[PDB]
Amino acid sequence: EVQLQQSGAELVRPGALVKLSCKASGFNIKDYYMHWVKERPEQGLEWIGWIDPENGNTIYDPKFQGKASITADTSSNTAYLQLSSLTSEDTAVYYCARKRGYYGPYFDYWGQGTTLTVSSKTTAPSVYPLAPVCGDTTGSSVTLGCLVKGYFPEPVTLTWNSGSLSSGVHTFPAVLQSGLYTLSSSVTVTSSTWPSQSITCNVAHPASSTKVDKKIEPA
Amino acid sequence: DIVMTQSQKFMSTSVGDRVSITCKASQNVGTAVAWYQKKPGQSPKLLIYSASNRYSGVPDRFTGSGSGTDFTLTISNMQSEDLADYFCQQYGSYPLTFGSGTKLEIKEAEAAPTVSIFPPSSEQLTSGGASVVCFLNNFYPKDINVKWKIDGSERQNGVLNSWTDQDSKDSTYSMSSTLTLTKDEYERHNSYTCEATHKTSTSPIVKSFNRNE
Amino acid sequence: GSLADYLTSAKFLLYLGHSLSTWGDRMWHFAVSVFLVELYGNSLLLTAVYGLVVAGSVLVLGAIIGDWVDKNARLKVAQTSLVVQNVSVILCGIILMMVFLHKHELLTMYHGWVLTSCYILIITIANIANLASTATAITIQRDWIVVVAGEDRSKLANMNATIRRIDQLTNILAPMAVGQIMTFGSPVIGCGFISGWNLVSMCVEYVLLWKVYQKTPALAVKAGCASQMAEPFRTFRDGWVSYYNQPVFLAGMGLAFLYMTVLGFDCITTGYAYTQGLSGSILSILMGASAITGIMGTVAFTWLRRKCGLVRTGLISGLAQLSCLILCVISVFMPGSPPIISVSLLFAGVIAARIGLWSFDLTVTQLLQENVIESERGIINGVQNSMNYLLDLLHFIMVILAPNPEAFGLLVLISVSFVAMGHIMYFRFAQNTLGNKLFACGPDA
Ligand SMILES: [Co+2]
């Protein structure tokens, strides 16, 4: 069982120094070429460079020449990626790969991947539920939605009507605005019981322990 | 360098049909093309190397072909476990370049959006912030245009639209468009409407909410 | 304890088998050379024709041999090739025995009809033996060595260097031993020794190959008129296009171009030395120096690979060889043939070219070994051999066209040029692998 493990969950301020590790179990890095690959979110796969742990020869891609530095330690059997002069464009997921020769056919084994995010400030989520009940005509489908805004450097979990869990609740992906994050969860499985039975959505942010539950009220 | 271009970014398919993904090279790479498949949230896997040879463990339904500039990966019978992102990589020359990637999604009958516009939140308004959010519930085609008309004006500033992923059970998409404005900006208006334009019908579906109401 | 373990290990058995095979091959080659120089006289035309025949046959059959090696079991291919080669050498030795026994009779039996028949029969048998030897080299030095080494490049380089040293030592030793045997007795006894040695070596190498296959369990796993001739042509075309499309095409191209030379020591260079008035003892000590510099090139290649890297090692070897070749180019324009300065400088350049060339050859063969898929090793190696012998065929043609000493210097220049071309081509390959970090050896700092 050949395995490659990496560190994870890296949060860094702009313009700093970042170090990623890649520990190999089941083989020796000395007999292989160790490559690093970067994946920007909603983007393609980009190649950083490669290193030969036997002698220390490291070759980089033209773009990641003055920004990345690949090192290796054979005794600990671990490769290292050093990132300097970090910018907001560098938030991505980094993979550690193994290659046989100079022109090896394939990358047989990959790493789990390390998530690197560069940001400025941290904050707590703000929940502002709102369900339109003004000028309603049909009560056969009540689509009640809750919007969480100002989430600072963290993913939030929104559970709508935890007492009666339903599959009709869709949680749209959070988007970045003004350095913070915004998300919205909308449930339309209310049917006719929604106008009378109380429905409450609870937003939990692990990074700030701000688990706040708000019940949607009629307008 | 060698630029690898994959034409299609979203290929719509059904279970049990052959799937062909193309990969084009800027120069003559020869037979040095390797195909990788990756599911969302996991490391990329190995399917085919040297554009024809299948790796040990890959199912036989994956077949690679092509040479020189054009390459193609074919799946004889699509299954639910083959919906992922596939890309091609060359190793003829350095630096190594990867493909843009192609995402495979299932096919379903066309559906119309179930739009719903929510008024600005009272709690947010008391906090000096106005956010008008309109949610389209279910619609099969990914492409859907959202137009926000405030006081009969097509405002195209400060609007963010987020679309969910393909639901496994229903094979339907959802979208949420939010426009952020100050309390004064919301006050200085009378008509607030959101119009969704999809391929289901030529006439856009418009849902409105009067400012006075 | 440790000595028994080393003598029982797979590496030692492989070394022993290769040493026996190369010793027998060199003995048979010297016997054929003696037959040619004595029975037909010192004719360069006949030797060039024999080289032309063997080079063309390998050029045509290289892809077929590589495909056959690729699409069959490892033990069966090696055993069949060894048996074929040894049987061919034994038959050639018996034929040479019968020819040498009737020396005066065959020289006066007829106008030369029987003599030409013997010549063509010997040439055909030698061609078959050379094809078998090429198949054995492809199946052993490219397939079995990598599997035995496993995931260790230092071990692979050490095995390649030891193979090269064994080849150099047997090249410098076995002709001398068989020549002493011939001169103490008669050529018939020499041919008998050739035949008996080849038979015993056949049996011993069969047993040794069985032992090597048993000791390494990773050799049992392998990952994959006109109508009659349709498929060999398809195999030839597919192999050549696959070789052309390989990313290590330039390195093999340069290695093949390096064979286009007359600046060796088994070529007409010795004839030129004789025509310049040099005794045989000088030639013997020069051959010894060439072998010593070959060993030096092997050890230098190992050290340079360990310290700098494969591509930079190839570049350094190429630069060294080019310096030696420009020394030779300076030599040819010195006073002498169109008095000792010219030949002295030429020989020094040749020896230093030998060391540089051996380093470059080791680098290129390791590059081909470690960057080729195991399902296409044989066909690529066969096409590489075909190109090498194509360049050798061109060299034989050139030697045929200009036999006189007076133009020999001109020939030398041509050789030099081609060598440069090869290295230039390798340089391009280096760029495609290294870019702007070409002249930087060691860890980045
Ligand atoms: Co030979």
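A short reminder: the numbers here are calculations on the coordinates, not readings from a lab. Using ideal geometry, Cβ is built from the backbone for each residue, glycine included, and neighbour counts are taken over all protein chains shown.
In region A:72-108, the residue that is nearest to the other protein chains (Cβ to nearest Cβ) out of those that are within 24 Å of the chain's Cα centre (by Cα) and not in a strand (DSSP E or B) is A:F107.
Listed conditions (1) among the charged types (D, E, K, R); (2) surrounded by 17 or more Cβ atoms within 10 Å (Cβ to Cβ); (3) not in a helix (DSSP H, G or I) are all met by C:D392, apart from (3).
Taking residues in region B:42-71 that are more than 14 Å from B:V29 (Cβ to Cβ) and at the interface with another protein chain (Cβ under 10 Å from one of its Cβ atoms), and partners anywhere that are hydrophobic (A, V, I, L, M, F, W, C) and loosely packed, with under 14 Cβ neighbours inside 10 Å, the pairs with Cβ atoms closer than 9 Å and at least 6 places apart or on different chains are B:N53/C:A223; B:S56/C:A223. Looking at region C:4-24 only, could you name the residues that are among the β-branched types (V, I, T) and within 11 Å of the ligand (Cβ to nearest atom)? Listed by number, the list holds a single entry, C:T22. A single member of B:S116, B:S121 is closer than 14 Å to B:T180 by Cα and within 7 Å of chain A (Cβ to nearest Cβ), and it is B:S121. The set of residues in region C:244-265 being part of a helix (DSSP H, G or I) and farther than 18 Å from C:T365 by Cβ consists of C:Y244, C:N245. Within region B:124-143, being under 19 Å from the mean Cα position of the chain (by Cα), more than 7 Å from chain A (Cβ to nearest Cβ) and buried (at least 20 other Cβ atoms within 10 Å of the Cβ) holds for B:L136, B:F139, B:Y140. Among the residues making up region C:136-148, a single one is among the aliphatic types (A, V, I, L, M) and within 13 Å of the ligand (Cβ to nearest atom): C:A137. Determine, yes or no, whether A:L130 is within 31 Å of the chain's Cα centre (by Cα), more than 7 Å from chain B (Cβ to nearest Cβ) and under 24 Å from B:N137 (Cβ atoms). Spelling it out, it is not the case that A:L130 is within 31 Å of the chain's Cα centre (by Cα), more than 7 Å from chain B (Cβ to nearest Cβ) and under 24 Å from B:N137 (Cβ atoms). Checking each residue in region A:111-132 for being out of contact with any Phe, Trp or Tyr (no Cβ under 8 Å at 6 or more places or on another chain), crowded, with 19+ Cβ neighbours inside 10 Å and farther than 26 Å from B:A130 by Cβ picks out only A:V118.
In the condition set (1) away from chain A (no Cβ under 14 Å); (2) touching a helix residue (DSSP H, G or I) at 6+ places or on another chain (Cβ under 7 Å), C:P339 is compliant with all but (2). Please work out if A:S69 is small (G, A, S), part of a loop (DSSP other than H, G, I, E, B) and surrounded by fewer than 21 Cβ atoms within 10 Å (Cβ to Cβ). So A:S69 fails the test.
Each row is one residue, and each column tells you yes or no for (1) within 30 Å of A:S84 (Cα to Cα); (2) not in a loop (DSSP other than H, G, I, E, B).
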position	(1), (2)
A:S140	no, no
A:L158	no, yes
A:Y181	yes, yes
A:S196	no, no
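Assessment of region C:369-379 against the conditions (buried (at least 22 other Cβ atoms within 10 Å of the Cβ) and among the aliphatic types (A, V, I, L, M)) yields at least one matching residue.
Selection within region B:159-204: residues that are surrounded by fewer than 18 Cβ atoms within 10 Å (Cβ to Cβ) and of a type in the set (A, V, I, L, M, F, W, C). The member of this set that is nearest to B:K39 (Cα to Cα) is B:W163. For region B:117-133, which positions are under 21 Å from A:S178 (Cβ atoms) and touching a strand residue (DSSP E or B) at 6+ places or on another chain (Cβ under 6 Å)? Within region B:117-133, B:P120, B:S121, B:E123, B:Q124, B:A130, B:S131, B:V132, B:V133 qualify.
Considering only region A:133-186, state which residues are within 15 Å of B:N161 (Cα to Cα), surrounded by fewer than 22 Cβ atoms within 10 Å (Cβ to Cβ), within 7 Å of another protein chain (Cβ to nearest Cβ) and hydrophobic (A, V, I, L, M, F, W, C). Result: A:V175, single match.
Looking across region A:25-60, the residues that are buried (at least 21 other Cβ atoms within 10 Å of the Cβ), more than 8 Å from chain C (Cβ to nearest Cβ) and not in a strand (DSSP E or B) come down to A:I29, A:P53. Residue-level check: of (1) at the interface with another protein chain (Cβ under 9 Å from one of its Cβ atoms); (2) over 26 Å from B:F209 (Cβ atoms), A:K214 misses just (2). Looking at region C:160-174, which of the residues that are surrounded by fewer than 20 Cβ atoms within 10 Å (Cβ to Cβ) and either within 21 Å of A:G104 (Cβ to Cβ) or more than 16 Å from the ligand (Cβ to nearest atom) (or both) is farthest from the other protein chains (Cβ to nearest Cβ)? The extreme case among them is C:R165. Taking helices (runs of 4 or more DSSP H) as the structural unit, no element lying wholly within region C:25-135 holds at least 2 residues that are within 14 Å of chain B (Cβ to nearest Cβ) and within 15 Å of the ligand (Cβ to nearest atom). State whether the residues of region C:395-406 include one that is more than 11 Å from chain A (Cβ to nearest Cβ), crowded, with 17+ Cβ neighbours inside 10 Å and among the hydrophobic types (A, V, I, L, M, F, W, C). Yes, because at least one residue in region C:395-406 is more than 11 Å from chain A (Cβ to nearest Cβ), crowded, with 17+ Cβ neighbours inside 10 Å and among the hydrophobic types (A, V, I, L, M, F, W, C).
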